[PDB]
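Trainee: For now just these chains, pulled out of the complex without moving them:
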Amino acid sequence: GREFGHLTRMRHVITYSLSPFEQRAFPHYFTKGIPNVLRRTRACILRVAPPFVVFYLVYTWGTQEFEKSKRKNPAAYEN
Amino acid sequence: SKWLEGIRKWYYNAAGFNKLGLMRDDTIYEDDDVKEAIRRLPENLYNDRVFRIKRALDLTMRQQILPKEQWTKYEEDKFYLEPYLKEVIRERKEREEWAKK
Amino acid sequence: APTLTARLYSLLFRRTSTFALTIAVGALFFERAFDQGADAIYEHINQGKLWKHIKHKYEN
Amino acid sequence: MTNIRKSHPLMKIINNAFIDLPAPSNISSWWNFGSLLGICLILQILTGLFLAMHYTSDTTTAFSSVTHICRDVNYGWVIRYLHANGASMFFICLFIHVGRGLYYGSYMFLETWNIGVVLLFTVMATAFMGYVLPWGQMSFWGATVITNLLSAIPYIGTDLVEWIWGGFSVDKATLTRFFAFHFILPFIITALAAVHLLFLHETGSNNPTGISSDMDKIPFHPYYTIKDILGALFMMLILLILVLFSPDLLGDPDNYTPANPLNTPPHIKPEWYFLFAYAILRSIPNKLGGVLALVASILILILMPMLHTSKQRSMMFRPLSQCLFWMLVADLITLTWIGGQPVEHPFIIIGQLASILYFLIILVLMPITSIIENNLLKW
Amino acid sequence: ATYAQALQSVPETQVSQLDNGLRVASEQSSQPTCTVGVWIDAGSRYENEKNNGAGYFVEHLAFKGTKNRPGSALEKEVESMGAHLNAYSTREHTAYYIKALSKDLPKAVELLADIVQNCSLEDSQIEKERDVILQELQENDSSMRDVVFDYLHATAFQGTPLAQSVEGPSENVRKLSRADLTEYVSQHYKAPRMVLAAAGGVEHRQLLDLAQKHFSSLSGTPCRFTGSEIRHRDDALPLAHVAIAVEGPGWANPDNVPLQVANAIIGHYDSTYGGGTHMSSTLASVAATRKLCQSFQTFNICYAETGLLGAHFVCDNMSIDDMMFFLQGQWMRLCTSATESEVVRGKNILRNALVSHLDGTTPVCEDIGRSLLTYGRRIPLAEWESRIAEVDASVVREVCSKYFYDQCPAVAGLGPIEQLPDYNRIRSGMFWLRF
């Protein structure tokens, strides 16, 4: 079936690599990760957050409305 | 139409495949028609597509992006696969219409 | 003149869908007949030794 | 000479499945959960087995046997709460896996997706019966309500319910049935998972880009074996946090009272991983309509591959589809929260709107938005 | 003119009968050349195990010399005229015909008479032809299609004369003596069982008077089809030949018309066909796409009261199974779900085959002789077209169900046929559980 011998036809692509023992496992981990993490967060925040913000607003409103509904209504005891 | 052109450009920028150096036809889902169209592509176009896809996969592996000036420009994006796919789909439609009779 | 078996194949066994229907209808009638016959055999062998054969004396 | 790993039959299967399997190099951490699921399954068996060595499925001894496990058996509390919280972790990973499949268009693997839907149903049934097993107040009354749902089926509902119950209501017969079925089902789940991996390996795995990755494939072993080990370690960290610091966080206190058929608990709700479906069930006033909506809530995954109208597979390049997906996720969270909450003034209307929005997003909004994106991309 | 008008304008075949029973038939077409031949209702199926090679032996030494033109003289005469003399003998018919200029019609007819009646069987010539026929058998072995069809006939009609090959066993060839050949000729080469046919520049009155001149001095078992198989396993052969058939109808059965249409729907394929994957026949398209078959073809070999209806294909070692599957599936489709468009295409194919096969004086003569031997009459192309037009999808489905659906077939395999499905599996393939 699908085996490394025959998956696709590729030509004129050169890949240079390094031994794991010749390179650092965490090269520029913070100084490059933090800007990259910020970039990814900026890209994805406008797509992910708004639905959860709406959910939180709905949750707070529903909890407040339920708590108000459980509260006593003075107008029922005017007489 | 100018507003349509503007919103199309905005969506092209929003769809971040250009940020990976890809072209529009690289992102197409490889169904039977797309597979046939790829198999009909001339060798240079096929090799360019394969390298672009491999580079995009390498970029996504490291969660990185291509430099700002290397992103595929919307106005210079070439729909290389579109004619071949159109022909393949036309042929499939003809075969299905014959089968209908 | 076609034999009975020839008639059966041509009318019921030639097409599998009709073949299945014959089996299904046959199974319905076979179950009732076989159970009725088998019960009769068992009750005849054990005549007077079953509750259904002695209930009348004690019932009502 | 030859290589045993490549020639021996069992070694051939194992090598082609987990060692030399060509795997995409760009698959993110969202691809770990699959393996995580397997781990959970294995755990849910091992732990489960060591609970069956002391549990007795009798109404006069089930609760006492559970207390014996959590009171007398050496490290019995560890095993019991590992089981209880591992079920929740299993469903967390299941939900995340289904979300990954929806987001990255993994449902285009039709046979794999369908076997996954079957696995989801089987796991839900197993968890339901396992939760019925302790025979607390929550177990008994949740079983009563969920099984009574089947009575809404027309013309066979009562007979089917009384056949499953083994009597006129949930009683000792039902408890023993559920113990046997809960014991046996996970092995059927393992067989279905083997078939699932068989179907998946027929075409390989997908990737975040949604583009075929045959040009960039790596051996599964050196990279993804260690990646999945790290993922399993993180999952084990979360599970052990839940089992050693908040063992009763995801449970309900009312399940620590012996089952009382003559006294309902103050609130009757199922486990959290069912709440969303429960919420949908409560949106429809009609019983049969509610049951049908509950079934469709999971059967919609079957329709998901056919609803795919976009030219691109993954949502990685479809921002509007991403917004719809996150709206759907927030909607599912809303349904879970409401299923937790009682049936009162705001919760009823919010649940009805949430169920309507769930079905609308999955059925109507997503295909239309994909078509709009296709028109925006000029194809 | 339209197709119907062209059909109605085809010259009719004139048939007369001599006083001794010989049937003289002609189709004039106003051409410089003409074919004239004699078709005898004699063949292998009229022979028993004692003289199973008599007909082929007689055909072999028919032209070697006569009582009036000893030795090679006959040949020279024919060659002097530029005429071509040919002969054949199937399991049911024998034929000796001459292609010659119409001006040479008389002499040719005379020669034919001399070939048919006054045949001289010299003992030395008989021995020479015996050696030739033995070598011919050793060469016939090399021809795989002929071997597989002979195996099909042997297994399908086992215990009956039709199982016997035309050439006969080598032992029978060695045993055959002049007395046996003379007795066979005297019994079988009789006027009521022969037809003198001619087409081309011939005139019916001229041919009839020539026949009365030369042919006047002339003398005045329903086979059982058996579902079986013969497998000649020989892995040394490069390709595997398979021939699978079912009991067909006779010559006179009308069902021959729709069945041919059915075969036209299945079609034929060969590795050298340029149609490729776009072939209308689904089986042909599959064979071209999957490289399942070097060449396959459906056949309808009719006899007096029976026939073989089926297919023959040549496949690789690892493909036989698949091919058989698809082949059987095709049959089942025709038995259960045959549509109108494919039936129309098959009818057009059959019309084209009928009109195309009758192009040339020799094909027309062969058609006339074979039709008179089998049908007793020459069926005009107009009648063939009417019968074809009567065919529709329902007729095709009904006839295929009658002859194909749930029927025991006869199978002949040859070569690397290890993958050829077991007869139980093939028989199970001869019906559909879904239907």
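Mentor: The structure has been received and is ready for your questions. Numbering: from 1, shown residues only, chains lettered A, B, ... in the order given.
Trainee: Contacts only, for the residue lying closest to residue D:96 once chain neighbours are set aside.
Mentor: Excluding its sequence neighbours, the residue lying closest to residue D:96 (CB to CB, 6 or more residues apart in numbering or on different chains) is residue D:33, at 5.0 Å. Placement of C-beta: from N, CA and C, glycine included. By CB atoms under 8 Å, 6 or more residues apart in numbering or on different chains, residue D:33 lies in contact with D:93, D:96, D:97, D:100, D:231.
Trainee: Now find how far off-centre the host helix or strand of the first one is within its chain.
Mentor: Which is residue D:93. Assigned by DSSP states H and E, residue D:93 belongs to helix D:76-103. Computed by CA atoms, centre = their mean, to the nearest Å, the chain-centroid distance of helix D:76-103 equals 7 Å.
Trainee: Could you pull out the buried residues of it?
Mentor: Using 16 or more other CB atoms under 10 Å in any protein chain shown as the test for burial, helix D:76-103 gives D:76, D:78-103.
Trainee: Which strands or helices does it pack on?
Mentor: Packing partners of helix D:76-103 (3 or more CB pairs under 8 Å, 6 or more residues apart in numbering or on different chains; DSSP states H and E): helix D:32-52, helix D:62-69, helix D:110-132, helix D:226-244, helix D:272-283, helix D:319-340.
Trainee: Quick one: the strands in the stretch 51-200 of chain E, in order.
Mentor: E:84-89, E:94-101, E:194-200 (DSSP state E, counting those that start in this stretch).
Trainee: Could you list the paired strands of the longest one along with their orientation?
Mentor: Going back to what we said before, that points to strand E:94-101. strand E:33-40 (antiparallel), strand E:84-89 (antiparallel) (DSSP bridges).
Trainee: Could you list the residues of chain C in contact with chain D?
Mentor: By CB under 8 Å from any CB of the partner chain, no residue of chain C approaches chain D.
Trainee: show me the contacts for residue C:19.
Mentor: The contact partners of residue C:19, taken as CB under 8 Å, 6+ apart, are C:12, C:13.
Trainee: then add chain F to what we have above:
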Amino acid sequence: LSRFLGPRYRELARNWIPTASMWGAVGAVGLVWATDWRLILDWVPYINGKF
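Mentor: This next block brings in chain F, placed alongside the chains you saw above:
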């Protein structure tokens, strides 16, 4: 599914409708027999003797 909205498929259906109907009857008879419906078996002349 306009691929199947053709005259041939209409003919294809008509060829298989009798077969599908026959298999449906097998399912109907099988279900009644297996479950002992007795809503339908009461009508059956000889089977109604039971119950």
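Trainee: and what packs on helix D:76-103, now that chain F is in?
Mentor: If contacts are counted by 3+ CB pairs under 8 Å, 6+ apart, helix D:76-103 sits against helix D:32-52, helix D:62-69, helix D:110-132, helix D:226-244, helix D:272-283, helix D:319-340.
Trainee: Among those, which comes closest to residue B:25?
Mentor: Nearest to residue B:25, of all the helices and strands packed on helix D:76-103, is helix D:319-340, at 19.0 Å by CB to CB.
Trainee: now the angle between helix D:272-283 and that closest one, please.
Mentor: Put simply, helix D:319-340 runs at 90 degrees to helix D:272-283, going by axes from the mean of the first three to the mean of the last three CA atoms, to 10 degrees.
Trainee: ok, and does helix D:319-340 reach over to chain A?
Mentor: Yes. Applying CB under 8 Å from any CB, one finds helix D:319-340 in contact with chain A at D:319, D:322, D:323, D:326, D:327, D:329, D:330, D:331, D:333, D:334, D:337.
Trainee: can you list contacts of the helix or strand containing residue B:3?
Mentor: Assigned by DSSP H and E, residue B:3 belongs to helix B:2-14. If you take CB under 8 Å, 6+ apart as the criterion, helix B:2-14 is touched by B:18, B:74, B:77, D:319, D:373, D:376, D:377, D:378.
Trainee: what separates the second one from residue D:375, distance-wise?
Mentor: Noted for residue B:74: a distance of 16 Å to residue D:375, by CB to CB, to the nearest Å.
Trainee: Can you tell me which residues in the stretch 151-300 of chain E are near chain C?
Mentor: Residues of the stretch 151-300 of chain E that fall close to chain C, judged by CB under 8 Å from any CB: none.
Trainee: residue ranges for the helices of the stretch 151-300 of chain E, please.
Mentor: E:170-175, E:178-188, E:204-214, E:256-266, E:282-290 (DSSP state H, counting those that start in this stretch).
Trainee: Is it possible to get CSV of these that adds mean neighbour count and distance to residue B:34?
Mentor: Converted to CSV, the helices of the stretch 151-300 of chain E look like this (neighbours: other CB atoms under 10 Å in any protein chain shown; distance: least, CB to CB, whole Å):
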stretch, mean neighbour count, distance to residue B:34
helix E:170-175, 16, 63
helix E:178-188, 16, 69
helix E:204-214, 18, 69
helix E:256-266, 24, 34
helix E:282-290, 20, 20
